[PDB]
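As a starting point, one isolated chain is supplied in structure tokens, in the form deposited in one PDB entry.
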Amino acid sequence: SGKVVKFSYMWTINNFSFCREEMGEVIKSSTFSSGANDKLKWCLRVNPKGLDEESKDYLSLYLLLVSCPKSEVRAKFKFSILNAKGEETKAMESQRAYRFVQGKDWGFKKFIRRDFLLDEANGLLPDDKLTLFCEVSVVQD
């Protein structure tokens, strides 16, 4: 009876400003595991130019449950950006645990303003790299 119950996934998207993804198009991370015997599979999904018309000015960011042994899992999540010093910034966290099923995601449609992200003065794209950080806590398997 042993489980990975908390985990932090760090994802670097190189040459971010030159990403060709238009509105609605997704960038998908590699799959990562947790729970008992790697039985929970996750990934991240980002819309560099927003999910829809409302989020056009934003990067949209989601955590997707790919696979689980039962019907659902309930989990809290926090997304942030790592700056040039490797420090967390622009954090957003779920207000509570959310119900994930296979093929379902949860996240923030308006995670960060694109213009603020792209402005070199803000230091969020050092060497034009976006580093996203997702910390997950699983309440139930």
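So that the term is clear: the rigid core is the largest set of C-alpha atoms that superpose within 1.5 Å between two forms. Throughout, we count residues from 1 along the sequence that is shown. Residues that one form lacks are left out of the comparison.
FYI, the form deposited in another entry isn't displayed, but the following is about it.
Looking at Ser80, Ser94, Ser34, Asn83 after a core superposition between this form and the one not shown, you find that only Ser34 has a C-alpha shift of 2 Å or more. Core-superposed comparison between this form and the one not shown: CA of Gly123 displaced by less than 2 Å.
Residue displacement note: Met10 has its CA displaced by under 2 Å between this form and the one not shown (rigid core superposed). The pair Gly24 and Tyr98 is looser in that other deposited form: their Cα-Cα distance rises by no less than 3 Å compared with this form.
In that other deposited form, the Cα-Cα separation between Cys43 and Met23 shrinks by 3 Å or more relative to the displayed conformation. Core-superposed comparison between this form and the one not shown places the runs of three or more consecutive residues whose CA atoms all shift by 2 angstroms or more at 20-24, 34-38, listed in sequence order.
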